[PDB]
Structures are given as C-alpha cells and as structure tokens.
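# Structural characterization, general
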Amino acid sequence: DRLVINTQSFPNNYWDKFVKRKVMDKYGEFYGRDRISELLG
Amino acid sequence: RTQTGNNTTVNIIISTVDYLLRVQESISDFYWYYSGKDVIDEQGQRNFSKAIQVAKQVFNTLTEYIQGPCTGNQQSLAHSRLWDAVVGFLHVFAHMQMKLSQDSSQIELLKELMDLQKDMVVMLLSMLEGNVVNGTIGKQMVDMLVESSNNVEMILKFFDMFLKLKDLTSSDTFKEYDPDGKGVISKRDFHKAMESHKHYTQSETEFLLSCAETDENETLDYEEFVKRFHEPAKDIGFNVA
Ligand SMILES: Cn1c(=O)c2c(ncn2C)n(C)c1=O
C-alpha cells in the first residue's frame, strides 16, 4: 500500500476522499503542503 | 520550634523565615539594579555567587527543618510568611534565565541559580509531603503557584525549549545534514532545520540561534550549545515535574 497512496479513486468502495484533504490539513503545513497533496493527487 | 522546658521560649524557625525574607528582598533589588544594564561586571557576579551560597545554605537548613514529617513545623510554616519570598524568587528566575542565557560569564551563575531553584523546590516538596485528601497546605501552594503563574511560564517553557532542542539535534536534519556531525552545521542550517521541524516558535528558536554564539563563521556545536546544561536543566525540570 506504499503504491496505493497516490491512487485516484482511493476509497473506491469505502467512504469518501475528503479525508485525504483533511489529513493534508493535518500534516501538509508541517512538512509539505503542495508536495504531499500532489503525492496524493 | 517550641522549647517548652524553660520559662520563656522562642520559635527560631520563624526567625530564619524572616531572615530569608530579608535575603530575598535583597536579591530581588539586586536584580532590579542589574535589570537595565544587563552587562554584568565581574564584581557583582562573584559577590552574587556568595549570596547564592547563602540562599543555598539557608534552604538546606529549611529542608532539614522539615527533614522528617514533623507536623507542627509544617503548621508554623503554613502560617508563616515565606511563600511570597518564593514568589519573588520565581520572578527573579523568570527574567534571570534570559539575561543569564548568553555568555561564558553567565552560565556559571546561571548554573548556581538553577541549582538554587532545584533546592528551593526540593524544600517545597519536602514540606509538601504530609497531604491526604487534596492537601490544605497544597491548596495554599496552589494559591501561591497559580497566583504567580505568569512567571512560572517563562522558566517552564525555557526548560521546554532547551530540553526538546537538545533532544532534536540527533539527526535527520542534523547529523546527515553535514558529513561529520560535529557541529559544522551552520547557523541558518540549523535555523531551516528548525523550520523543517516546525515544532517551536521562530522567536525563541532564533533566540537560541542568538545564543548559538557564532562559532567563528556560522557553525554551532551540538553538545556545547545546549546539552551540557540542558540535562542539568532536565534534572531540575524533573524535580518541578
Ligand atoms: C460514507 N460513510 C461514512 O462516512 C460513514 C459511514 N459510517 C460512518 N461514517 C463516518 N458510512 C457507512 C459511510 O458510508
């Protein structure tokens, strides 16, 4: 799952993808905002 | 305390309480003198160290006055004055670390001063011990503390800074950050190392960078910047903790 991090429809049957932006806001200001968001998408 | 057997008597513990009150007031005005110029000569330092030794000694007496759980000793101390003198001590320490955070001149007296804080709080916890439910004397101590809570902040967060930043300096923006890891890491090297950490305020980390003392070009030692007193400071903060 180190290779599923960037994947597009990431919770394709789970819940919601807004959690990705949520944890970007948990962490991207600390380390890389545009780096880790692009690492997700 | 009591000296019951004679006709008349005294309570010598109250006498030493007021003596250290006078001592406290003297040291506080010494601070008030030095609080403006802040370029402190040899003389005031070396006599001040002797005054520090007095404070150390009288706290040693105080501790051994409550060496055991001697109760009426604690009762007199609960009704004693001394808490305000402690408050003024905290007030001294709060600004005192910051002026003493600079030079080779400073660090000796700073070491003695933080030593004195450690002994004072040792005195405090030693008289603390006899509590049961929440501690009436402990309630009194809460009154003293959260009364003087503001100057507690400076010393405690100073401890936090010096502790966590001797802790950070291992690696992963430090040891690999140069080849050797001696401390040829430059000033702004460490500054942006802190920025990449993004843990602390920029103000006090760059204040630490002001106390990095400019290792002849830009660099900064690992231990000799912080650790050599920070682990003493770790002991002290352990006591207060
Ligand atoms: C999208 N979503 C949720 O977000 C969710 C949930 N149960 C709890 N949450 C929070 N279910 C069933 C769900 O479908």
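Residues numbered from 1 in each chain as written, not as in the entry; some residues may be left out. Chains lettered and ligands numbered in written order. Part of a larger assembly, values for the part shown. Heavy atoms only, no water. Residues with missing side-chain atoms left out of burial classes, pairs and counts.

## Points about the overall build of chain A
The number of helices and strands found in chain A is two helices and zero strands. In terms of its C-alpha atoms, chain A occupies a principal-axis envelope of roughly 30 × 20 × 15 Å. (Helix = DSSP H or I, 4+ residues; strand = E, 2+ residues; numbered from the N terminus.)

## Description of the nonpolar core
Ranked by internal contacts, the top residues of the largest apolar core, which has 63 residues, are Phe59, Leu82, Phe93, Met120, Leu165, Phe174 and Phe190 of chain B. When residues no more than four places from it in sequence are discounted, the contact partners of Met120 of chain B are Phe59, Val86, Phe89, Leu90 and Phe93 of chain B. (Core = buried A, V, L, I, M, F, W, Y, C linked by side-chain atoms within 4.5 Å. Buried < 20%, exposed > 50% of the residue type's maximum accessible area, 1.4 Å probe, protein only. Contact = heavy atoms within 4.5 Å.)

## Side note on a nonpolar patch on the surface
Together, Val23, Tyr27, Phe30 and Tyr31 of chain A make up an exposed nonpolar region whose accessible area comes to about 380 Å². When you line up the elements, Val23 of chain A lands in helix α1 (residues 18–27). (Patch = residues over 30% accessible without salt bridge, like charges linked within 9 Å, V, L, I, M, F, W, Y side chains within 5 Å. Areas by Shrake-Rupley, 256 points an atom, 1.4 Å probe, with all protein chains shown as cover. Salt bridge = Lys/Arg side-chain N within 4 Å of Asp/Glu carboxyl O.)

## Side note on helix α9 (residues 202–210) of chain B
Among all positions of α9 of chain B, only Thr205, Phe207, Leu208 and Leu209 of chain B are buried. In this structure, the buried residues of α9 of chain B make contact with α7 (149–168), α8 (187–197) and α10 (223–240) of chain B.

## Remarks on the pattern of salt bridges
Side chains bearing opposite charge may pair, as long as their charged atoms lie close to each other. For the structure shown, the criterion picks out 10 salt bridges over all chains. Residue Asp160 of chain B pairs with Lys164 of chain B through a salt bridge whose shortest N-O separation is 3.0 Å. With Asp160 of chain B and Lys164 of chain B both in helix α7 and four residues apart, the pair spans about one turn of that helix. Residue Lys166 of chain B pairs with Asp167 of chain B through a salt bridge whose shortest N-O separation is 3.4 Å. A relative accessible area of 13% places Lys166 of chain B in the buried class. Of the residues examined, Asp167 of chain B reaches a relative accessible area of 38% and is grouped as partly exposed. One network of salt bridges, with partners in common, ties together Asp25, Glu29 and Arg33 of chain A.

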